[PDB]
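S.K.:
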Ligand SMILES: Cc1ncc(C[n+]2csc(CCOP(=O)(O)OP(=O)(O)O)c2C)c(N)n1
Ligand SMILES: Cc1ncc(C[n+]2csc(CCOP(=O)(O)OP(=O)(O)O)c2C)c(N)n1
Ligand SMILES: Cc1ncc(C[n+]2csc(CCOP(=O)(O)OP(=O)(O)O)c2C)c(N)n1
Ligand SMILES: O=C(O)[C@H](O)c1ccccc1
Ligand SMILES: O=C(O)[C@H](O)c1ccccc1
Ligand SMILES: O=C(O)[C@H](O)c1ccccc1
Ligand SMILES: [Mg+2]
Ligand SMILES: [Mg+2]
Ligand SMILES: [Mg+2]
Ligand SMILES: [Mg+2]
Ligand SMILES: [Mg+2]
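Chains as they are written, first to last, in my numbering: chain R, 1 to 524; chain V, 525 to 1048; chain X, 1049 to 1572.
(1) For residue 1486 of chain X, I'd like the list of residues in its chain whose CB is within less than 6 Å of its CB, leaving aside the five on either flank, ordered along the chain.
(2) Give a yes or no on whether the C-beta atoms belonging to residue 230 of chain R and residue 247 of chain R are separated by under 8 Å.
(3) In the DSSP assignment, the alpha helix (DSSP H) including residue 750 of chain V goes from what residue to what residue?
(4) Which of helix, strand or coil does DSSP assign to residue 8 of chain R?
(5) Would you kindly work out how many angstroms separate the C-alpha atoms of residue 973 of chain V and residue 949 of chain V, rounded to a whole number?
(6) Note down, one range per segment and in chain order, each alpha helix (DSSP H) of at least 4 residues found wholly within the segment 212-293 of chain R.
(7) Tell me, which residues are paired with residue 980 of chain V by DSSP?
(8) Is residue 1116 of chain X close to ligand 6? I mean its beta-carbon at under 7 Å from any heavy atom of the ligand.
(9) Given this structure, state the Cα-to-Cα distance separating residue 931 of chain V from residue 576 of chain V, to the nearest angstrom.
(10) Listed by chain order, which residues have C-beta atoms less than 5 Å from any heavy atom of ligand 5?
(11) Less than 8 Å between the beta carbons of residue 445 of chain R and residue 420 of chain R, yes or no?
(12) Go to residue 1027 of chain V, then tell me how far its alpha helix (DSSP H) extends in each direction, as first and last residue.
(13) Only counting the same chain, and skipping five residues up and downstream in sequence, which positions put a Cβ closer than 7 Å to that of residue 173 of chain R?
(14) Under 7 Å: does the beta carbon of residue 642 of chain V sit that close to some heavy atom of ligand 7?
(15) Shorter than 7 Å, the distance from the beta carbon of residue 1505 of chain X to the closest heavy atom of ligand 3, or not?
(16) Can you tell me which of the three DSSP states residue 370 of chain R falls into?
(17) Measuring only the C-alpha atoms, how far is residue 966 of chain V from residue 48 of chain R?
(18) Once DSSP output is grouped into helix, strand and coil, what is the label at residue 165 of chain R?
(19) If you count every other CB in all the chains shown that lies within 10 Å of the CB of residue 479 of chain R, and 16 or more means buried, which is it?
(20) Given the structure, does residue 745 of chain V come close to ligand 8, in the sense that its CB is under 7 Å from one of the ligand's heavy atoms?
(21) Taking only beta-carbon atoms, is residue 1181 of chain X less than 8 Å away from chain R?
(22) First and last residue of the alpha helix (DSSP H) that includes residue 1351 of chain X?
(23) Residues of chain X with CB under 8 Å from residue 834 of chain V, in chain order?
(24) Which residues, in chain order, does the segment 667-685 of chain V contribute to contact with chain X at a C-beta distance below 7 Å?
(25) Is residue 1540 of chain X helix, strand or coil when you go by DSSP?
(26) Go ahead and label residue 74 of chain R buried or exposed: buried means 16 or more other beta carbons lie within 10 angstroms of its beta carbon, across all protein chains shown.
(27) Give me the residue from V/843, V/705, V/666 with the minimum Cα distance to residue 743 of chain V.
(28) Thinking just about the alpha-carbon of each residue, which of X/1107, X/1395, X/1357, X/1335 is nearest to the one in residue 1345 of chain X?
(29) Residue 1515 of chain X: buried (16+ other C-beta within 10 angstroms of its C-beta) or exposed?
(30) For residue 1450 of chain X, which option in X/1562, X/1191, X/1119, X/1132 has the closest C-alpha, if you only look at C-alpha atoms?
(31) Please state whether DSSP places residue 1573 of chain X in a helix, a strand or coil.
(32) Have a look at residue 1166 of chain X and residue 1227 of chain X and give me their C-alpha separation to the nearest angstrom.
(33) Ignore the nearest five residues each way along the sequence and tell me which others in residue 221 of chain R's own chain have a CB closer than 7 Å to its CB.
(34) Determine contact between the segment 976-989 of chain V and the segment 886-905 of chain V, defined as no fewer than three beta-carbon pairs at a distance below 8 Å.
(35) Is residue 976 of chain V near ligand 9, with its Cβ less than 7 Å from a heavy atom?
(36) Measure the alpha-carbon distance for residue 300 of chain R versus residue 312 of chain R and round it to whole angstroms.
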């Protein structure tokens, strides 16, 4: 058997059937004779390739396979990997290396010191010492990406390895099943449960890993039993709780002071599947107000280590959420009252306010719609005006790296063909991975792209204010015709300069059979 | 003064007055109060930012300053840096870090293990241990990028450093002048000169570093004195010799066997400013045929070390070229006869043959035009059909990383306002850094983009044929409207489906006052 | 031929004939059938192996070859490499890797992520992608270590590579000659020479690289022509000037303020072959007093970049020293007056004062003796009381890493069999690489070890006093019998509790035919 054959067998046996990539000569020996049980998804640029795969992996809750071209290709995807790292996305990144016979002279396309290139943005980076080792190395890649805490991995393979003979003993790799579905031991778990049962005024903070583990339901239960309010950890990469459940209290602002203020009065704060805490703006203060004790359940040792306060338990979020939900007692306290609906902002017949757009989307989008957010200055209003009842309904660049939403929305839509994906992207953000649109058109992936156009890097103008910065260059991005760009890549385009047009566009997009981009004129 | 003030003073004192970047919050403290003697060039995506700066640096022959946003921003430019590394481009890459007070918890936007991120694609990567150290660190960055062998450097700075007080002793950094303009010692230089004077049938091979050092003229002289043929080293990132000079013998094919064959019969082969040798395709054979001795003059120790044959001298290409040109004796041998003009290929009234395009470009483009090449399957014909008489007239992604030409052409044009830049880019390559177009429009940089559209990854289909590799997915890129894309970013667009239209388009583009993109229908 | 045969051929052809190492199974395939024209020097511990090789390389002024055992072996030598890096020691460090067939499972002895292990203490670190590449990789190692700035390199080789067939084209590696013997271009050199000729009160500061390039003589000339005082850069790893020459002004204290004070009044300060400046203690002040201009000639770009002041020229120290010495005019100024002999300290009939020891050594040691210093609290008196007239007469751990002197002295003695090597080592320092003594005994290398025994980490106690730091543990090292330790490794031992015994011991050691260790009772 060839390394080629054995590797594809390993891949299918491990459940992989899709390859996201952008071809190069170093990868031809791998891509040739592409198995009929596999499908290839092409993207015009590596940032888009990984972005799409990322969305696919996050939504499908299974690892995604990627194939890039040597250093340059890997390099173009580094930004995307920074996000994947923060979202614990199980991505298997493979890149073609020059033929071993020419790595020495460093012939064009030689990935020099390869394994070090994607570092420190991957859980594991490696290049086999021989062709027969490739299948084994691939096995390691697959599991390193899948084990908690999930994350991106990198494997570099010289192109002349594929045709070489594979080690017969490689078949032992095919059905290996590795599990990390673990939870705190019984004795210690009871101690925790008792603490929760004793809490006089508990509070729960949920992170992206909850949604990744599809522990949403269990968390809803846990929250109802403890009759506690639920917040989403700051800089939320995903939505781990139904935003209209009586317990939900929204997205926590990414500030130290802001959060300790919010948690004040709560004797026990239980954080699940989130870093403690992904702060953003500099909002100095107390990590926790006196009287508040924090307990963190994370799937990542690195998260537990850097938490500046509280205790931590490193385990599987799904296993823990389930266990806790079924052990805590039903508190006799009154279930929290649902937060009131947000106020309806004034809206004339001109350019739209973000609030108006979200309110409209909320009214017209299907209940199981999936949103992606890369409209950097409107995140707060968005989290308040969109009723997301189900899991996997929200995605935001986990590392703040723009250029994620657009390609990722295509991946998500590819993973969830039965759920309408709607990506709300700022006019500035839309440019980073604009070429991703082509993939949606080509494979007819019905993603809807709502471009919020205010002609400026809104969020930055905001920070400029708080940072009290003046004469800052490059904050405006005028002169971009998104309908023209959509046309450039074969995607139906619509324009919405006012509320009536927005409604009309949305209605048309919703019923359209292919991808659709709507350029919305928003207020600065 | 502040770290902010002192740094800008250091920058201007070191000749820097332009900042290429894409803003983020971590960089606001640095960009605020932007000095009036500086200019900011905004690009919609980091790959474009570095690409533009790269072209600017290569053409201006002076370092270029870049400002990116934390990890994600740096990550998006990794592909671009792979090229910069191969072309010895003096790029000073600076990226904003989170405020020191929040690096510990790893707040959103914290560049974790920062210095390791751009490795191994930079000569130096660093993050200061204190705010007062920033100016010094900046000084190191500037010089590390400028000293031979020039290359990209990385400096990460926590955003709260800028407002801090600078060390008064920093003024000692302002006017530091570091030189690496060195050449082989007298005794040894004479030994070399005598060897060249004794060569019965010498041959000269020139690399990108010759053009970078503007040693072109001196090399022409050297070639005429020795009455020797001149070749351009394989995978040429730049053109180091007038392509129509009687001695010129063209671009060497990137094959081991092909090159040793070419050099057979030449007793002494002098290679200047090039790696020995940037092979590409696997063309096994002898590094050198018996009877051929090789001598390499490189500015990079890494190049001299990995050369699989011949002797080497590590020194400044400019200094050496000059010295050699003035010391070698005038050989009595007959000056080589100029190569004959390439044949005119058959061309009907339909889609154009690449040859036709280049022949036309050669006839219509100004004599001091500057070309950029990212039409991967037509490089050979291009090098044969374009008469490039002057230095800095050709640029090709040094590492083979696509997405360079388009943004780089804008940088070159910005550096050479008096020379018409014409970038010939394949329809596939054009997508990688498509958003760069916006910058050309915004700053009205009159670059001309000629998109060779054959709807496929030509170079890849070719190779597929050698590998007789069949069933290779993702080799075609149909459905892209480049005129629409150009419109999307505000750039005048034209279409050329045949020779007459090509001529008309070129003529219009040439006289146009702003950037122009021409979509040319080429044969598959 | 085999990789084994071809590599040894490359080694001998490149002038290497000695292998310093400590064997392991991964290295057996390389060491078997050890060529008769090579010699192996065994050391009991890796820190000693590299230490010995380091001394050998520095004295012989040629690269030294080392062979260590996988990660653990490389690991034990990391401290030694830190010194080698600071002294620009051309060391070729090779370590045996597990067989390629077992690197995947990480069998015992697998050097994981090998190339990263010695980083950042090596100029180049690498592991070949195939057996046939080994000879080429070795070639790169040899040259990367030898080119300016010289330094240690690392090459990891799977043990199953040696028996594999070597690429026939490898013979092209055998006689490659790479040169970096370069100097500033003519035009710019004259500008420099004129500046020196115009200096009204020039000063010269010499570094270790001067002695490494054996540019001592030329510097003496240069100093006499300019009639300028000469200082040795702080933390001197070597002695670059005859310490009793009328111009010599001694070792500069490693303090910023101290040095700018020393240089005050000198309009032009020329620094050659030294970092600007290897400060040690925190002595804040001005880098240079107003009126002083500094010019640095360094062989290391990293040195030129971090210099906080002055101009710099990166070139070969030998070439530059020679050129300058023969171009500067003979100043009409009065040649500096030789510094007076140091005062003779009071010495009773008890424990000895360091001063007494040095005075005695100076009187009894041959004029071409070679000293090594690792008596951390007596460096100043030593530099004042030892008349070192010739080059390669002094060595001090370049990075301050103790455990260098003892093994290095053996290497130096092995390189200079005709010069008596005398290593003055503190009782604390002697322990770090104590086992090195065995090698001296085994190969009968007549090194003389003078242990300064005051039963305490003297230098640290000093610093403690500045910090007025009190209650610092682990500063005393009582209970060590060095004569017993010497006996343990088969080295003749002597004791000196007073001046008469010292004289007697030295006299006996000097005439002894093998290594000799003298334990000297010094005052605390
Ligand atoms: C790759 C990358 N480059 C730069 C940034 C910094 N940045 C953060 S928000 C922002 C503005 C983008 O705004 P847009 O999406 O147009 O909408 P708005 O800010 O008005 O919400 C920028 C440039 C980033 N996060 N990622
Ligand atoms: C960033 C990056 N991704 C992928 C590749 C691999 N690659 C090399 S040539 C090529 C084809 C691009 O072709 P195009 O420019 O459309 O024209 P051609 O000359 O090939 O017909 C590709 C995809 C690369 N070099 N760089
Ligand atoms: C490997 C290593 N460990 C620790 C130190 C720190 N250190 C510096 S000087 C010193 C004292 C050694 O003293 P000794 O050689 O006995 O003599 P004296 O200090 O009295 O001169 C120590 C422990 C070091 N430089 N290197
Ligand atoms: O795929 C390849 O071979 C490689 O990326 C390449 C091919 C042709 C031109 C530039 C770069
Ligand atoms: O610039 C920033 O602050 C940062 O990149 C950011 C801001 C807002 C949303 C996402 C990311
Ligand atoms: O040389 C080896 O094989 C290896 O270092 C080894 C061998 C036996 C015991 C421990 C370690
Ligand atoms: Mg990296
Ligand atoms: Mg905007
Ligand atoms: Mg094409
Ligand atoms: Mg290390
Ligand atoms: Mg002591």
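In this text, a Cβ means the ideal position worked out from N, Cα and C, and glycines have one as well.
M.R.: If we stick to the structure as given:
(1) 1092, 1537
(2) yes
(3) 740-750
(4) helix
(5) 7 Å
(6) 216-225, 256-263, all fully within the segment 212-293 of chain R.
(7) Paired residues: V/1000.
(8) no
(9) 5 Å
(10) R/376, R/400, R/459, V/548, V/549
(11) no
(12) 1023-1035
(13) Once the five neighbours on either side are set aside, the close Cβ partners of residue 173 of chain R are 10, 135, 136, 139.
(14) yes
(15) Here the distance from the Cβ of residue 1505 of chain X to the nearest heavy atom of ligand 3 is below 7 Å.
(16) strand
(17) As the crow flies, the alpha-carbon of residue 966 of chain V is around 25 Å from that of residue 48 of chain R.
(18) strand
(19) exposed
(20) no
(21) yes
(22) 1349-1354
(23) 1220, 1224
(24) 667, 668, 671
(25) strand
(26) buried
(27) Answer by Cα proximity: V/843.
(28) Comparing Cα-Cα distances from residue 1345 of chain X to each of X/1107, X/1395, X/1357, X/1335, the minimum goes to X/1357.
(29) exposed
(30) For residue 1450 of chain X, the nearest C-alpha among the options comes from X/1132.
(31) What is shown of chain X runs 1049 to 1572, which leaves residue 1573 of chain X out entirely.
(32) 26 Å
(33) 325
(34) yes
(35) yes
(36) For residue 300 of chain R and residue 312 of chain R, the distance between alpha carbons rounds to 10 Å.
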